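S.K.: Starting off with a structure, shown below.
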RNA sequence: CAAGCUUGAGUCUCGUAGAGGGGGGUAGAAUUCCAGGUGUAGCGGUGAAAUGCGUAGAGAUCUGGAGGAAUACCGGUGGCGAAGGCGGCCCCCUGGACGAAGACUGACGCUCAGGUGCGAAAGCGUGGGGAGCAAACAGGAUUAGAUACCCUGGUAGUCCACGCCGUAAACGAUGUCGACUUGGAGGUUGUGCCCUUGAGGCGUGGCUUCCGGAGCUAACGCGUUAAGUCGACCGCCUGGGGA
RNA sequence: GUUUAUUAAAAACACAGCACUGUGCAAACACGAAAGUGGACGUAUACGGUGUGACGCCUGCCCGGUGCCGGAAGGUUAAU
C-alpha cells in the first residue's frame, strides 16, 4: 500500500530538515519502515521530497 | 511479459512537445504487443531542489506491460532526448489500472 | 589475446605477440592499394633528416577514409583487415549502393555491423556525425579540426578524445595527452574508442623484430667522440655536461612549442 | 542422523526418569518391544503399550519408589561402532548380582541370568541397575 | 531457473503423468535442464561464486540420484543417460 | 535547521528556538562523529557496549 | 539376497521477507583542485608553539567548472550469507532459506583420510586511475635522548580490470549430523482460527537477544541455539623453553 | 649480431626491455638564405631526443652549487 507517489503520507515520516524519522519515535512496524524509507529514497530522486532544507 | 512504471519529467519550456512524446512512446509499446494500464500527466509541478538550474518541470506517469526489448528503446531515447531531464522505470509485480494520489487530491 | 611464446631459443624467450583470430586471412582489397616506397629518413636533398629510420619490409598503402563524407547511406562491415601502416586495424565496409571503402575499426565492431554517417545517424559506435549532434560526455575518435579536412585526432590503437563542453560555435576536447582543446563544432567525429587496444602489451623480444618495422640502431652520445656529439669524449665513462641533442639544445625539461597562432584554441596544456 | 535407535530408547528412559515423567513414548520397533518386555518382567518399568498400525508408538510407563527413580542407571554396551558379543562363561553380571544385562540370543532377548540357565551367549545390548 | 512452462514439459516426458513429479528419472531430468540453463549465466559471469555454490549442489545431487538409479535398475539407468546425454 | 523571526517577537525567543531546532537535528553530534576516522571494528564494539549497558 | 513401507532424505505447486552474489546505469551531500567576482590582515595548527600558507591579496564569502572516492538520515544485542563477508536509488542475469495445503519418489541417508573449491587485511604481477586518507620519507615541536606519541607536509598503498598469494584473536577461542530433557522476558519473519469490531483475542512454523532451573563444570560459567542425557563419523592434545 | 679495409674482435658498439623529457599536427626536430622536402600519405597505444641495457630482487638521503620548470609584486635594464 505504501507508495513513493503518495507524498502526503511521506511527510509525516520526515523532519523539518528532510531526514527520515526512526521507528523508535514514530511507533511504526519495522517491515513497513523498510518500505517507507525506500519510498522516501525514490521520492527524493524524482524531486518530490527534498534531500535537505537548503533550497 | 513484465509490468513496469515509468515516471519521467520534462524541461518545462518543452511542455509544448509533451503529447507528441507520449503518442510516440505509447504507440511503440502497443506496436510490440504491449499494453498501457494507465497514463497520467501531472503537468507543471514545483521541484524540491534545482536540477540543471530548473525550478519546475513537467512530470508524466505511465504503467505498462511490455517485453524487455522495447523498454531499452525507451530507456535509450530518454537518455539521448535532451528535453527529458530525469527519468525512472521501476518494475511492479501486478498491473495498476488506477488514478494516483496526485490526481485524486484536487 | 596476448600469448607468451615458449622459450625454445633465446630470442623467443621474451616475445609476446598479439594474436587476433577475427582478422582476415588472404589478400587485401585491390582497388584501394597504392605503391608506397620507403625514404630511409632522407629528404629531397638526399640527407638524413631523421635518424634511425631505414629498411624493413615492403608495404602497400591502404587508402583509408578519414573524411567519412558519404552521408545518410547505411554501410555494412564486411571484414577486419590487418594494416601495416598503422597501429589500428581497419574494416572494409560495403555501402548500400555497392561502393567499398576502408575505415578504422572501432572497439567492439565485427562482421555484419551496420554503420552510418551524417546528422540523422544513431549514437552508436562506428557512427560519424558533427559534434554539435553528439552528447556532452561522449567518447569519440578520428576527430577533425577544420570542417571537411578529415580525421586527425585519436586515430592510434586504443585512443579516444572525450567531449567535455559545448559553448556556441566551439566544443572542448580532453585529448589523450591530457590537453584540453577547443574545436569548432561542425567537425565530424566517429564514436567509440579505436580498436586493438592490446597493441601496447606486445613485446618484440629481439633486435631483429625492430629491424622488420624499419628501425635502425641508436647510438648514445656518450659512446661517441667529441666531434660527433656534445657528449663526447672522456677517458672511461664520463659525462659532466647537461644533457643535449646532437645539435646542442637541452633535452630533459626544455619546452619547444613556439606557435602563437594556435594558442587561443588550447584551454590547458598537458599535465 | 538417527543411527542407533535402541540407545535412543534407553536415553528416553533415562532422561524421563531424571525429569520425573510418568510415561515416555517413542517410535516402536520389534526389538524395542522385546527389550521393553525384559525390562518389565524384571520390574524396572510398570507397563508398556503399543498403538498405531502405520506409525506405531511404544509408550513405556516409568517407575518410582520413595519419590525416586527405579532405573538407577542404564548403559548401552554393544554400539554400531563397537558390537560386543560374549560366550556363555564370559557373560557379565551387573552390580555383582543386582542389576541385569540384556542379551540377544538365538532364543530371543532375555536376561543375563536366563541365558546362563539356558546355556547360551550372544550380543550384549545394555546394562541396567 | 526454469519457468513452469519449461518444467511441466519435462515432467510430461520422463514421468508417468503430471502427478509423478518426483520420480528419480524426472528429478535427474529437471536438474540436467536446470544445470545447462546456468552454463550461460557462468559463461558471462565468472566471478559469481555465491551462485555457483548452488550449481555445484545440483551437480552433486544429480550424481547421488543416478547412483541410486543403478542399484535399483540398469534398464532405466542406461536408457536415461542416452536420452539426456551424460557420462560423455 | 532553518528559522526566522516573525513580527512582534523578541530576539531571545528566536535564539532559543534556533538551539532547540539544532539539538533536534543533531548537527553537532553528526560533526563530533566525523572529526576522526573510526575503524569499523571500533564502531561495532562501541555499539555493543552501549546495548549491553542499557540493559539496566 | 529378494519383496515391500513412509516417519529420515528428496521433487513439483503457490506465496512471503531479506546490505545473498554477478554485470550495467544513475542521484544528492561533502573534501580537493582550477578559473573568475566582493574583500583585507591574518589564517592554520596546539597543552602551548613552531614548521606551514598569506600584502605576489591568504583565510572568510559568492558564481561557474573539473575529477575521484564513499553512500548521512533510515539503522536496529535488525537482516542475509558455509565461512570470509554484504549498506544510496533503478534495471538485467542469478543462488539459497522459510511457510501453507496437497501431490509425487520410496532409505535415495549421516560423516569424510587423501582430492577439489571458496577464503578479511596486508603484499606481489600487467595495465588503468588517483579526490580524500596515508606505511616509508622530510621538516617542526616535546624530551636527558625521541630514530616515537603531537603538528605541517607526503610516496607506495587504498580505487578499477585480469592474474597470484592462502594467511588472521579467520573467535562463539565451542567440528558436522541426529535424538531426548523444567521456565520467564523480548526481537524478527511466515501462517491458521476470532461481535478482523482497535494499533487487538486464541493458536502454529522458522531464525535470533537477554535472564535463569535440574544437571554439568576445577572454577568461572553453560544452561532446549548446552558446556545437560545419549548415538554416528571426522580433526586434534600428551611438561616449560628450544620451536 | 657490430667494430678499428692494412698490428686491437674485446669486458668496447648494438640489442629486446626500463625510465625521463619534448611534441596537439602547418607537431617537435632535421636538411635548406627561400620555395620546399623528410618526420608521415603517420596523429600521443604516435613521433623526436637523452641515459640505462634480457630476466630476478631492488633502486636509500641531499634542491645549498649548476641546469631546467613555474611564479609575478618589487628592484635593475635596451632601442624608442
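S.K.: Between region B:1-68 and region D:71-123, what is the separation of their alpha carbon centroids in Å?
M.R.: So the separation of the two Cα centres works out to 86 Å.
S.K.: Something else about it: Can you give the average number of partner chain beta-carbon atoms within 10 Å of each beta-carbon in peptide A:46-52, as a whole number?
M.R.: Partner-chain Cβ atoms within 10 Å, mean over residues of A:46-52: 6.
S.K.: Modelling each spin label as a point 7 Å along the Cα-to-Cβ direction, I'd like the residue F:14/residue C:122 distance in nm, to one decimal.
M.R.: Label at residue F:14, label at residue C:122, 6.1 nm between them.
S.K.: Right, something else. Evaluate peptide B:3-10: per residue, the Cβ atoms of other protein chains within 10 Å of its Cβ; return the mean as an integer.
M.R.: Across B:3-10, the average partner-chain Cβ count within 10 Å equals 1.
S.K.: Separate question: Between helix E:4-14 and chain E, what is the angle of the helix's C-alpha long axis to the longest principal axis, kept within 0 to 90° and rounded to the nearest 10?
M.R.: For helix E:4-14, the angle is close to 30 degrees.
S.K.: Right, here's the next one. How would you rank C:14-21, C:143-150, C:126-133, highest first, on the average number of other Cβ atoms within 10 Å across their residues?
M.R.: My ranking of the peptides, most packed first, is C:126-133, C:143-150, C:14-21.
S.K.: So what's the back-of-envelope 222 nm ellipticity for chain F, counting only DSSP H runs of four-plus at -39500 (n - 2.57) apiece and dividing by all residues, rounded to 500?
M.R.: Helix-only estimate at 222 nm: -18000 deg cm²/dmol.
S.K.: Report, in whole Å, the centroid distance computed from the Cα atoms of region D:1-49 and region C:205-223.
M.R.: Their Cα centres are 94 Å away from one another.
S.K.: If you take each beta carbon of peptide B:98-104 and count the beta carbons of other chains within 10 angstrom, what is the mean?
M.R.: Across B:98-104, the average partner-chain Cβ count within 10 Å equals 2.
S.K.: Exposure proxy check: B:15, C:271 ranked by fewest other beta carbons within 10 Å?
M.R.: Arranged by neighbour count, lowest to highest, B:15, C:271 become C:271, B:15.
S.K.: Let me ask another. Could you compute how fast chain D diffuses translationally, taking Rh as the Kirkwood radius over C-alpha pairs and applying Stokes-Einstein at 10 °C with viscosity 1.306 mPa s? Give it in µm² per second.
M.R.: Result for D is 105 µm²/s.
S.K.: Compute and list, largest first, the equivalent-ellipsoid semi-axes of region E:1-55 from the alpha carbon gyration tensor, each √(5λ) rounded to a whole angstrom.
M.R.: Over the Cα atoms of region E:1-55, the semi-axes work out to 26, 10, 8 Å.
S.K.: Counting only helical runs of four or more DSSP H residues, what would the 222 nm mean residue ellipticity of chain B come to if each run contributes -39,500 (n - 2.57) and the total is spread over all its residues?
M.R.: That calculation yields -8500 deg cm²/dmol at 222 nm.
S.K.: How far apart, in nm, are two points set 7 Å out from the Cα along the Cα-to-Cβ line at residue B:39 and at residue F:44?
M.R.: The modelled label-to-label distance comes out at 5.3 nm.
S.K.: For A:45, B:4, what ranking results if the residue with the fewest other Cβ atoms within 10 Å of its Cβ goes first?
M.R.: By the 10 Å Cβ count, ascending: A:45, B:4.
S.K.: Nearest 10 degrees is fine. How inclined is helix A:30-46 to the longest principal axis of chain A, computing both from alpha carbons?
M.R.: 10 degrees
S.K.: Here's something else I'd like to know. Using Cα-Cα distances under 8 Å and only pairs 6 or more residues apart, what relative contact order does chain E have, in percent?
M.R.: RCO, chain E: 26 percent.
S.K.: Relative to the first principal axis of the alpha-carbon coordinates of chain D, what is the inclination of helix D:5-18, with its axis defined by its Cα atoms, in degrees from 0 to 90 and to the nearest 10?
M.R.: For helix D:5-18, the angle is close to 60 degrees.
S.K.: Now for a separate question. So what's Rg/Rh here for the protein assembly as shown, counting alpha carbon atoms and using the Kirkwood radius for Rh?
M.R.: Computed over Cα atoms, the ratio is 1.14.
S.K.: Run the paramagnetic zone check for residue D:40: 7 angstrom along Cα to Cβ, then residues of region D:87-108 with backbone nitrogen under 18 Å.
M.R.: Answer for region D:87-108: D:102-103, D:108.
S.K.: With an 8 Å cut-off on Cα pairs and a minimum separation of 6 or more residues, tell me the relative contact order of chain A in percent.
M.R.: This gives 45 percent for chain A.
S.K.: Please rank E:14, C:265, C:239, fewest neighbouring Cβ atoms within 10 Å first, as an exposure proxy.
M.R.: Ordered from fewest to most neighbouring Cβ atoms within 10 Å, E:14, C:265, C:239 come out as C:239, C:265, E:14.
S.K.: Divide by every residue of chain C the summed helix terms, -39500 (n - 2.57) for each DSSP H run of at least 4, and state the resulting mean residue ellipticity at 222 nm, rounded to the nearest 500 deg cm²/dmol.
M.R.: After summing the helix terms and dividing by residue count, I get -500 deg cm²/dmol.
S.K.: Another question, if that's okay. For the pair residue C:200 and residue E:60, what calculated FRET efficiency results from E = 1/(1 + (r/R0)^6), where r is the Cβ-Cβ distance and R0 = 60 Å, to the nearest 0.05?
M.R.: Calculated value: 0.85.
S.K.: Still on this structure, I have one more. Provide the FRET efficiency to the nearest 0.05 for the residue D:98-residue D:1 pair, computing r from the beta carbons and using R0 = 41 Å.
M.R.: After rounding, the FRET efficiency stands at 0.70.
S.K.: Where the Cα atoms of chain F are projected onto their three principal axes, how long is each span, largest first, in whole Å?
M.R.: Rounded to whole Å, the extents work out to 52, 30, 12 Å.
S.K.: Now a separate question. Label residue F:35 and residue C:209 with points 7 Å out from Cα along Cα→Cβ: what is the distance between them in nm?
M.R.: 6.0 nm
S.K.: Turning to a different aspect of this structure: Using a Förster radius of 56 Å, what is the FRET efficiency between residue A:34 and residue C:107 based on their Cβ-Cβ separation? Nearest 0.05, please.
M.R.: 0.85
S.K.: Right, something else. If packing is taken as the average count of other Cβ atoms within 10 Å, what order do E:35-43, C:43-51, C:59-67 fall into, highest mean first?
M.R.: C:59-67, E:35-43, C:43-51
No value in this document is a laboratory result; all are computed from the given coordinates. Neighbour counts run over all protein chains shown; Cβ positions are idealised from the backbone, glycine included.
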